Amino acid sequence: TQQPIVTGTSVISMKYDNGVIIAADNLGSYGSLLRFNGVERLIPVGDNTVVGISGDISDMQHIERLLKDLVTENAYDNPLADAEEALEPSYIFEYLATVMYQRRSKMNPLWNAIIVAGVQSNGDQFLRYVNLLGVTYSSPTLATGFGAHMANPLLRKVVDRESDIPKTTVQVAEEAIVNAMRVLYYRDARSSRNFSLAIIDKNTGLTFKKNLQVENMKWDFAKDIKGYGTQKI
Amino acid sequence: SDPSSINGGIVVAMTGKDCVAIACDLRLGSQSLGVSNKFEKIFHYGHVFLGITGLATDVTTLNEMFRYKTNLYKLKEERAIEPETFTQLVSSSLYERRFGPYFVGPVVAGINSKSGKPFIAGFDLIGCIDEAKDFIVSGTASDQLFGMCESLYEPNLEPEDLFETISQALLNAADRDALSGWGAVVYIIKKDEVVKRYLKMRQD
Amino acid sequence: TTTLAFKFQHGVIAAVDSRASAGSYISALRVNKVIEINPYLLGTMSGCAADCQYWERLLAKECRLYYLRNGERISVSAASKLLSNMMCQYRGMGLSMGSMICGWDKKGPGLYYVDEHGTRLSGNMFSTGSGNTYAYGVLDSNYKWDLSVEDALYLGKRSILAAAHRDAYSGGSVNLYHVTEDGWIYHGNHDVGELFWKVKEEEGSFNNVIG
Amino acid sequence: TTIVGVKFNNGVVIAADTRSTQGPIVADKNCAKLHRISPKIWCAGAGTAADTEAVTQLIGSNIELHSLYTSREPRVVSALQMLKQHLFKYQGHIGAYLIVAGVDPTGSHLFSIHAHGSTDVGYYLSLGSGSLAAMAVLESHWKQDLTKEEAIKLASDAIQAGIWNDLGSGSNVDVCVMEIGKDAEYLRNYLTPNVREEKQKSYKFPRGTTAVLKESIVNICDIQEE
Amino acid sequence: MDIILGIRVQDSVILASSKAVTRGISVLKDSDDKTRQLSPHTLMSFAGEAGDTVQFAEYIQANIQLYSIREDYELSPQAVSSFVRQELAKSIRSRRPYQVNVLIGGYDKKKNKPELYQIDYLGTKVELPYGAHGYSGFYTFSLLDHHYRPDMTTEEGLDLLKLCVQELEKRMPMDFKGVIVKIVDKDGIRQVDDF
Amino acid sequence: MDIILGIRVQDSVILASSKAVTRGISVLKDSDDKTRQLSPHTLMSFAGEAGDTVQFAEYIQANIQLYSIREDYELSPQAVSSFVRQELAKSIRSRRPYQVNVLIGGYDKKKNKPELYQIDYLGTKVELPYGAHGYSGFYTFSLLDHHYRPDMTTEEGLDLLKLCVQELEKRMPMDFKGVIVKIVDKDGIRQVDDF
Amino acid sequence: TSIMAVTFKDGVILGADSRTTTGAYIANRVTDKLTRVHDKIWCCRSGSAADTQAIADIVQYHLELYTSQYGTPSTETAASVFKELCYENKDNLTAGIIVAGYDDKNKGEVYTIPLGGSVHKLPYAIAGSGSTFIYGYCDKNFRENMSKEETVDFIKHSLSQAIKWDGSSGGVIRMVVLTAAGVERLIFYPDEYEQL
Amino acid sequence: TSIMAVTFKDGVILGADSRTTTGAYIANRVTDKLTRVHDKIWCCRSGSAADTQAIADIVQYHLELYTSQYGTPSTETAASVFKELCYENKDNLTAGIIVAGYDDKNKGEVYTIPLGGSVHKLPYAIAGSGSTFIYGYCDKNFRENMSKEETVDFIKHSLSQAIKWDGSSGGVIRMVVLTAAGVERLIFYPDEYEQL
Amino acid sequence: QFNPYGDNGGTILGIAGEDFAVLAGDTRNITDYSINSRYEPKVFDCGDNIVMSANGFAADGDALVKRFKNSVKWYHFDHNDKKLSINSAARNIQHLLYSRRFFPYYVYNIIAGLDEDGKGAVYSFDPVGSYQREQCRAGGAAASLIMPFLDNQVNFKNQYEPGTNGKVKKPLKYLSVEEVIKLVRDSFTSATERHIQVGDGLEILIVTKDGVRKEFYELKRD
Ligand SMILES: *[C@@]([C])([C][O])[C@](*)(=O)[C]([C]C1=[C][C]=[C][C]=[C]1)[N]C(=O)[C]([C]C1=[C][N]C2=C1[C]=[C][C]=[C]2)[N]C(=O)[C]([C])[N]C(=O)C1=C([C])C2=C([C]1)[C]=[C][C]=[C]2
Ligand SMILES: [Mg+2]
Ligand SMILES: [Mg+2]
Ligand SMILES: [Mg+2]
Ligand SMILES: [Mg+2]
Ligand SMILES: [Mg+2]
Ligand SMILES: [Mg+2]
């Protein structure tokens, strides 16, 4: 049993017609202190999977190393390591899910919430969640922390059920994700303007976008707001 | 320890076509011990009926209080109180003890003597009104009653059909609650006749 | 729960209720609180359902192995002790199990009370569970060694009924057993709802209750 | 509970869902959370339901008497000040969280109020368990110089977000529009997207199914003459 | 204190109350009478926290005696029981509640009927053919459920009561030092000196 | 369990032990024998937490019986008491201690003397002319201090023991359901069937 | 919260962020923490919003009644009323208030009233959860008798850093200028102050 | 405690105060918080002195053994050993360590390891109870590729302010310069840095 | 302090017919007041004509099912591809649950299938392994809402035959699969209305001698 120290906030994601999108800001918070401003919380595994992690950063860095070691180990005595016997999103997820549930069962959890986004061999979209309790679930949209409360409602307006996935393009999905990240910046006190976004498409592969910023923000209306009730000036 | 579950008991009310029904079990207990099988939880002030679940001392106390208040209402107003008005009186009376409440779950049932409109309502222990069209439930088997009422109930039932529906909702909910049962009573209420029926049920 | 068991002239009677609870919620109307360890051994159950089932079925495994090694059926005294020894291993670990081991062996009819503390008591009459006090009232005032099989079965049946009525966490149905030197004999499942009204009329008891 | 308030060109609109809960159980599927303080000052409450009602009726009563005393129409700042001073006095023990909106001779107003007595000002607000889902919609779609029609749409869309995504919120959408120089229009069940489907079977019983012991006539009439 | 029992038969009410009083680990008295006559045809037994029981009983006694003198009239057992209940219901929400449980046995001279009322410290009143407080009912109610008839004589009521005390004496861990039995009927209140 | 008494007279040791066994609010048994014969001339009574008492007593019994067979010789009461003390002193610092208090009554055939040892669950041993555990001594030691002589007969020891039980039965709140009395002398161990 | 009040040559300026949080949720991102108790006596509020609003409302009432009887009150007098409330009700309050005002006689004055209800007259003051991160910056960069433009830059840069590091602080930077000329409100948006 | 490590053109400089407290008592006013784990790999310690000393001693042992087998270790390697100890024993440790070292290949590098056992490579780092008060100052005044004299002034001014506001910080300012030229120790006394 | 347990909501329902059995469950997965998934399968085909659902804490439920599926696999290996009977599966699951008596699987488990005489069978468990064969059982969040309804509509409790007035009970006529599915759908529709953790979707697994069949029905998404 521990407590989280340096933490990362929401990770948000969604399925679209040809793949999945995942995003997460670049902040490492130390309680209310916005301590670290260059933290990458999306970690690619090969060219078909991106693992997005929220929660304790020290445990994230540990998981980051487990995945790096997983790729190394898979290549051992494996002539098809970059082809048929390459790591799949489902393999990577189940490994992490096994680790998370074992650690919680020893009362020494990895204090994280993880979303594994990727595209399988057969072109199928993969999107599944796992956390410190070993709880797992899948949905057309997935989000951790504050993202669950504020991002999912917005992303579910685009893909409300399974049948909406083929009707959703990458431009629409990316737009929804970017808007959600802005909303989180408005309303999450442990979020940052800077974020990373990753798209895993079954045709165009893995596109990893760094140093993205929240833009087109509305603040002008603040000038008119005065006092807390009766004050006019 | 929990005052709302020491004595046990349940109350349910339903609306029908130009009629209402209110029913209650007869048990009074001290936790696991059954004490009385004749503890009726439904009272009436004129043509307005009130069922009360929860802590038995507060049930008794509130009945005596609303009898007191409705008797004065009648002397001054020169008419019997109506269900809508009584509902507000119950709500007012409970909220005046906001920080030292009566541990009860009251349920009002009756027909407006002027409009003829059937009326039921429920409250929490602190006065919040639940004016439902269909049914109201209260007691230690409220979850059980919600499940039974929600599946068995249909609108515009006739008095003799409504009787069967409310009776079966109560009986089967009580038979899945340790703290409810030991007999049951059902009131069938029409604009100018009221029938009261004691049900036969398992005594464990 | 309410369970009882008593020795008498023609063996031992065992009677249990059939309710199960999860707080105020009645989780089961008809659970089997007697285990048929062997044709001449019974075990009653009260407390944690899981504990009762696991440990008494493990006792049956261990009683069966006794027969294979020795070519002879285990005594009631030895069976009760194996069970009490199991309880002593998980001493203070939070088990909840109250049971009577009823049977017939070479010393005649046998009855032992065993609980999670490792207690092991020999006696002519026992009753366990939340409603044991109600059962004891009827048993103590009506019990004799000279009871007939018919009157004895009724006493155990009527004693559970008494508990089912008053105890909120006892009821459902009554399961009767009669243990003889040719083995135990099941005497049926008796719904308390129907039994209550039947007993009320025939016996004249429960006058206060209206029916 | 999900409640919102949205300002627009010539007034203000509030909205709310219609689910009331006791724990995980739904007590009332069509509860009315939009309360009236005065004719053109309406309130919506989250938190302890009895407290939101009682505190609304009390202040509404005093506001009416104040209006009669001063021969003037009640102001939203009066209701606000009276509410916060009452709530502050009870130090949060009266669990009333409200969005207060209305029109008066000064103009259109929109305030939020928290149980401890703090107040806020805004062009768009949300309260309750579904506030975050609703605010996500408001932050995405709200703009300056909204029309009446755009504001009702935004308000109800924000409530729907709460209905679908928050388990504490559900059923229908209530709305009240307060426009300057007009009567306030209360739109009870403005939206009804959660109608229960027809049941597969009727559970109406045969007459005589239930066993009965005694029947008796209940005397509800008074004592008779002669 | 510990055990108080009550039974209403054909023409009387019988109250049985334990004699023991304990402080610390020592039984100070084995002849204590846990009862007060409220009026000539109304008797109240009591059990609960030390000191509170007698203080409450005497306070009730004084109030009923005051009523009797003022009106030159005996209140019905029902009226007395309602007065007592209200005092307990008033008490439970006080700064320091009176932790007292009572049985009220009375003979109504108007209706010519015996009446037994059970009231606990919360103000929970019930009219019963037989009653008890605390753990007493756990042992005795099964016997009473079995043997009780409403047409029983006073002598049959005492015999059924003996059976209840014998069961208590067998299965209760505590020694309550026997009981004092009192009968309430049309002729008033009398004590059974041999039990 | 509740009460265990012991008294050493001229030529014997007498142990008296209560018969009651209680679970919850119900007395399950009123004829329980809270004792084990460790050897032909050594008897141990016991009282403490449920289950632990019998398990401990039987474990001691097995060890002494094992010694008797191995050496074809009966250990002295002093030797047995020391063995028991060490087991309890070992137990008190264990993960889960055995919560058992004992009296060991034995007749030493070598010295031709009766011996009574009192040992509590901590491993606190004392040789005494008379002893008790728990609250039993609070009521009885004043009588024993007054009436006890070392030259008392077995019959006088029983009469003084009756007086102790009568005092317990009067002033203890708990009903311990009488006692089983056993006498340990040169001829061995026997039970007094009428007490 | 990040709040500050700074005296300069022509008077005094109050500055504040606009973020209000309930845990990690931002309940209001455009809060006005600069509150007026008199024409040219304003305060910055920190701590319990309920407590600080209730206090400032009572103070505004006292100073309005003071004015009706005795004329325009001093900034010191305003701070004393705040103090008296904060000190005597310290067991039931969680309020950290900075008082700032302009007289023609006394010119710009700043008083800070921390949790206990003590009063401290200062050239400038900082308070709120975000103030901790700018103690070093403000101490190094503050000068007496700065110009209006210099003082606005000082507050802007300071609160910029407080907002940057404190999660409980953020939104817009509001400022109120108190001089003989009158009362000027200022606002500075993220795109302006973040790039400093 | 107030500790910091800053990279510059020619390498890296570690800086620290010298105060150690037991509550409000100053147990040592001339502490050396700049500790050597290898020739040109040093660390700044914050948190439990017992924990941080025990860790740095173990790290020094590991790097001495590393050197005997594999040659001079990198600063990254040193930080990894610190991390591994801090992370795996996080339940029983209270250690906040800044690691700083000079290679000829990698030049000056700075790693910070806060409470949880995470590692963060930075241009400069600050830590300890006194660091909170200089987040704003250090952010505004830090530049990359400063000169030695500029970097010494930056650390001196920064820790000066941390000491000024933090009661747990104080005494002398110790510094260690890590370059190709070698290892230079510096010290700055109160009379020098207080008047800045 | 770390809490190793959680509540993912949901509700499950098993009914045994004369020659068939059903195991139903909603597809909603939740934490607190949020929805994780509107479609997260909860009832599984475990092989050998057995269906299972472990409802409560999803992590423990998935682990149990995963372990039992594994137990079935090894039963085939060790015992010459013998079919695991429903009674044997039930006993096996008891031991899986009690292996964690002191750190329980936080789930209410139900299995359904056919007994060795071809009749419909449902077995019910508690979190620590007590089990028994039942005709009717609802488990999970809205179990208390649904069970009484089933006592009334499946076992005809408190139902008597008109005219006799409580003297003669309603006879226990068997139910068809079409009739059972109606009671299942009405049970979940009713539970969805009054329970906030129940909704989104309903998945029913029907077991007959022919095999395992699936039926899906939408539920209210509020
Ligand atoms: C009385 C009815 C209640 O005390 C009796 O003691 C029974 C005994 C019993 C023995 C064997 C089988 C079933 C019951 N006890 C219970 O029903 C216990 C009471 C209890 C609840 N918590 C607790 C108890 C006892 C001791 C410590 C803690 N009830 C249970 O164990 C609950 C958890 N059992 C169930 O919910 C069961 C369900 C559902 C179920 C069961 C048990 C068995 C078969 C199918 C379904
Ligand atoms: Mg019941
Ligand atoms: Mg019962
Ligand atoms: Mg009572
Ligand atoms: Mg306050
Ligand atoms: Mg910020
Ligand atoms: Mg629902």
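Residues numbered from 1 in each chain as written, not as in the entry; some residues may be left out. Chains lettered and ligands numbered in written order. Part of a larger assembly, values for the part shown. Heavy atoms only, no water.

Its PDB record attributes the structure to X-ray crystallography, giving the resolution as 2.60 Å.

As recorded by the PDB entry, chain E carries the name Proteasome subunit beta type-4 and is attributed to Saccharomyces cerevisiae. Under its PDB header, the title given for this structure is "Yeast 20S proteasome with human beta5i (1-138) and human beta6 (97-111; 118-133) in complex with PR-924".

The PDB entry lists chain A under the name Proteasome subunit beta type-7, from Saccharomyces cerevisiae.

Draft legend 1. A look at the coordination of the magnesium ion (ligand 2). For the magnesium ion (ligand 2), every protein donor is listed as B:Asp177 (O) and B:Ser180 (O), and the spread of their distances is 2.5 Å. Here B:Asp177 and B:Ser180 have matching classes, each one buried. (Donors = N, O, S within 2.8 Å, 3.2 Å for Na, K, Ca; no water. Buried < 20%, exposed > 50% of the residue type's maximum accessible area, 1.4 Å probe, protein only.)

Draft legend 2. Fine view of the nonpolar core. Of all hydrophobic cores here, the largest spans 81 residues; its most connected members are A:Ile12, A:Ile177, D:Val6, D:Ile37 and D:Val100. A per-element tally of this core places helix α4 (residues 170–187) of chain A first, with nine residues. For D:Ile37, the residues in contact, after removing those within four places along its chain, are D:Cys43, D:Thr56, D:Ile59, D:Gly60, D:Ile63, D:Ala79, D:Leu83 and D:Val100. Formed by 62 residues, the second largest nonpolar core is a distinct cluster that contains B:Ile10, B:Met14, B:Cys149 and I:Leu219. (Core = buried A, V, L, I, M, F, W, Y, C linked by side-chain atoms within 4.5 Å. Helix = DSSP H or I, 4+ residues; strand = E, 2+ residues; numbered from the N terminus. Contact = heavy atoms within 4.5 Å.)

Draft legend 3. Up close: the sheet that holds strand β7 (residues 95–102) of chain H. Residues and elements named next belong to chain H. One open sheet accounts for five strands, arranged β5-β6-β7-β8-β9; its pairing is antiparallel. Each edge of the sheet is formed by a strand with only one pairing partner; in this case those strands are β5 (34–38) and β9 (120–122). In this sheet, neighbouring strand axes are inclined to one another by 25 degrees on average, regardless of whether the strands run parallel or antiparallel. In terms of strand pairing, strand β8 (residues 108–113) meets β9 through three bridges, oriented antiparallel. Looking at β9, one finds that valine 110 is bridged to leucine 122. Docked against the sheet, helix α1 (residues 49–70) engages β5, β6 (41–47) and β7, running at close to 25 degrees with respect to β5. (Pairing = 2+ DSSP bridges. Axes fitted to C-alpha atoms, helices over the stretch in contact; angles between N-to-C directions.)

Draft legend 4. Summary view of helix α4 (residues 148–165) of chain G. The end-to-end C-alpha distance of α4(G), which contains 18 residues, comes to 26 Å, matching closely the 26 Å that a straight helix rising 1.5 Å per residue would cover. The set of residues buried in α4(G) consists of G:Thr151, G:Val152, G:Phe154, G:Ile155, G:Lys156, G:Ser158, G:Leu159, G:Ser160, G:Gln161, G:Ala162, G:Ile163 and G:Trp165. (Expected span 1.5 Å × (residues − 1).)

Draft legend 5. Quick look at the arrangement of the chains. The assembly contains 16 pairs of chains in contact; the pair sharing the most contacts is chains B and D. Chain A shows no contact with chain F. Their nearest C-alpha atoms sit 23 Å apart. The two units chain E and chain G remain apart, with a minimum C-alpha distance of 25 Å.

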